[PDB]
Structures are given as structure tokens and as C-alpha cells.
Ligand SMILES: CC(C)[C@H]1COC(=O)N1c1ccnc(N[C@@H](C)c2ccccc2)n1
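Taking the form solved without the ligand, here's one chain by itself in C-alpha cells.
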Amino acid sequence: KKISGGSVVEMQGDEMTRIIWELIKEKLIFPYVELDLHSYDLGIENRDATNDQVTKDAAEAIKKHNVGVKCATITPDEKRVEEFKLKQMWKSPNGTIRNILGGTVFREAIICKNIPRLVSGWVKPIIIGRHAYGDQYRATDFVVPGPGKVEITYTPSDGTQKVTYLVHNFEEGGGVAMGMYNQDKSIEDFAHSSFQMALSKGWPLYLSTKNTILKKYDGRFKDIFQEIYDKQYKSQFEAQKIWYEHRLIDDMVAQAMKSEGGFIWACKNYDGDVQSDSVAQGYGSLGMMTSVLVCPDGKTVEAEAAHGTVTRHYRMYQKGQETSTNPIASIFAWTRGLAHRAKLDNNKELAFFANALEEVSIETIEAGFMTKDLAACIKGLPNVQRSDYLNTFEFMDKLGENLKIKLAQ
């Protein structure tokens, strides 16, 4: 019999992931779960034929039904215009979905006992939440060709005095300057999503800033987090035996390095962008990392794999050659989206399914069945032999059958 799974927006995507995506639904999901499924094809073909409007449609569909699961999509560049004869160099679907939904993106590992990390001691997930707006990413930067002054000026709407600050007087030669900003409302959303994510996963939360030097800019993030914590989350944190602390970024990267893991780490835009590439690598393959967008509203979530379409593997797949692409990240996109769906609907049976699929995936790996990327974590890439791993399809077949066995009890 089939579990009543509810409403979910489903976004098909490109290349290697698209093939894996279909295998996941066919073999892992639809056999066990009936869904009020709203599909939008964000394949690059159907994106061009609708002028990116299927993307905006899907973002709004997530806003309406609250749970989005998305396959990796090609982000058009020049090479990709030539490739598909694209009418316009369309923007990142993730950029467009983020911008429409708001929210913070959090990256959580999938951890298996028999797969060594690069940071030996990481035994639990370090979940980085990256504040997705402003700072360096909406900066206004320029070359300073020669002598002159760079000033920054605030002009109040309430009539009162314009303020002008000298940033630097270039007396000889030139250089470089920029302005950047953040927005109180965005910082509050970032805060809300981080507090909520910590309360739902059951881990403490740390915020990193550099407020020792950026006393006003970063002080603001620190103040906003503290004041939201105090008036809206503190007592749930203590009832759950969790805490919230602000840290200096220099202390935090050191603490994360020495940690066992088991915490949420809210990062500023740039720090999240960098520190999450470090942490993912410290865990191992990107095939073991999801990327989940969590809106401030408590309700709306969008889940994907942290990696891309895996073009290189797709090229070999197009040539009739062997592939071993890790599907775990795509699977946990499904399971983590489904678990959130189940939390919204109070659906014990769906929560039970999502968790059992995670367990089947981990157990199957723990038993010796794994893709090449994972075999390389054990032996070192130069020593992997063909008998150490399964191809993509053998691995999915195995997971599909172990799942079936696990679901019978």
C-alpha cells in the first residue's frame, strides 16, 4: 500500500542529474508514496522554449504548496548559448528561485561510518546556513585610475543632514574601491531561518561575524540575532537543551576544525560561500551534501543536491561509457523535502518513510556497496580498482531492493 504524501513541487533538470532524478522517482519514491505532485520541467530545453517562465512559475508554485524538490540545472554561459542555440543567456534558476522565495540555504552532509572524512574528527554534521543577499554580492566596485577622493554618502529621506565620510584620499597613483550594504529586513529573515533550522534539527547555532573590526556593519547582524533570539526563540532553545552564541569568524573556523560537528553555523554571504566549500571538501564528495533553502516563514522549503549536473560524467554517459555518479545527494533532497512536508502535515507515515530511505542509503553504503567517489575516500583515488564500486545504475538497483526489504515489517 501507498502512503499519502501530500503536495510537493517537483522540478526536473539537466544532464547526469536528470537521469538519476527519474531513477529516484521510479524506483525509490512513487512505488511507496502517492503525491499531489506539481511538476515543472526546468530542463534547459523547456526553459528556452518558455523564455524562463517555467522557472518563475515553479518558484510561485513552491510559495503556494510550501515544499520544493529540485534537480540540478545548467546555468547558461557563452559555451552553453552555442551548445543549445539559446535565444538569451538566461540566469541561474537558483538565483531566480531564491530571489522570489527569500530564505537561507543550509548544507548538511550525509555521513557514513566506513567513509573516512578528510577532517578525521568530524562525526556529526556541520550545517552551514549562508545568508543569500547583499554585502560583496551586490557590491558596487571600481578601479581608481589616479589621484582623487572616494567618499560615501548617506542622504536621508526625512529631509535632515546628508552625511559624507571620506573613505580614502588617493594622493599618488591609484587602486580600487567599493561600496556594499545590507538590509535590516534581510538580516531578520536570515536570523529567523537560522533559529528555526537549529530548533528543527536539534543542534546549537553559532553566528560568525567580524565585529571586532566592522563594529557597525557586523554589530548589526550580532544585535539583530540577539534581539530576535531573546524575544522569540530563547525558551524553545532551553527546553530543547540547545543554545545560540555569536562568535568571531577567526575563532569559529578554528572551532569548526577541532569540533566533532553537530551544529548549525550561520554565516554572512561571503563567509558562507567560502566556508561551505571548505567544509564540504573536509567531509568528502559533493555527492554526500544537500542544499536546503529555508524561508523565514517556518513553512516554505526548497531542497536540492549541493552539486551540479555533473557534466563530465554526463559526457561519458553520452558516449556509451561507464558511469558512477553518486545519487545520495539527490536522494536526500527528496527525503529532506519529504520530511519537511511530513512535519507540516503531521504525517507520521511519510516521516517514517523519509527516515527509512535515509537509513537504507546509509546502511547500503556501510555494507560495502558504493559509487567510485566513495571507494576513493576509503583507498585513495589512485588505488581504486573496478571491484571496489558499482556503476550508477547498479547502485540504484541495490538501493531500490534494500528499500523494499526494509519497508517490509
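Note that residue numbering begins at 1 and tracks the sequence as displayed.
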Selected stretch [higher average CA B-factor]: 86 to 94 or 316 to 324: 86 to 94
Of 269 to 277 and 239 to 247, the one with larger mean CA B-factor: 239 to 247
From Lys185, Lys231, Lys124, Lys222, residue of greatest CA B-factor: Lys231
Residue, from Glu304, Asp141, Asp218, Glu172, that the PDB entry assigns the highest Cα B-factor: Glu172
Cα B factor band for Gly298 (lowest, middle or highest third within the chain): highest
Third of the chain's Cα B-factor distribution that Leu205 belongs to, per the entry: lowest
Position of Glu108 among the chain's modelled residues by C-alpha B-factor, lowest, middle or highest third: lowest
Assigned third (lowest, middle, highest) for the C-alpha B factor of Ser194: lowest
Third of chain Cα B-factors occupied by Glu359: middle
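Keep in mind that the form solved in complex with the ligand is not shown, yet the notes after this line are about it.
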Accessibility of shown form to the ligand in the entry with it bound, site-C-alpha superposition, 2.4 Å backbone/C-beta rule: blocked
Non-hydrogen atom contact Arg336 with the ligand in the entry with it bound at 4.5 angstroms: no
4.5 Å heavy atom contact, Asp189 to the ligand in the entry with it bound: no
The ligand contact at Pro125 in the entry with it bound, heavy atom, 4.5 Å: yes
4.5 Å heavy atom contact, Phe195 to the ligand in the entry with it bound: no
Interface segment, criterion being heavy atoms within 4.5 Å of the ligand in the entry with it bound, picked from 163 to 171, 116 to 124, 230 to 238, 148 to 156: 116 to 124
Contact residue in the entry with it bound, chosen from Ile224, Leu199, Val279, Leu293 - any heavy atom within 4.5 Å of the ligand: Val279
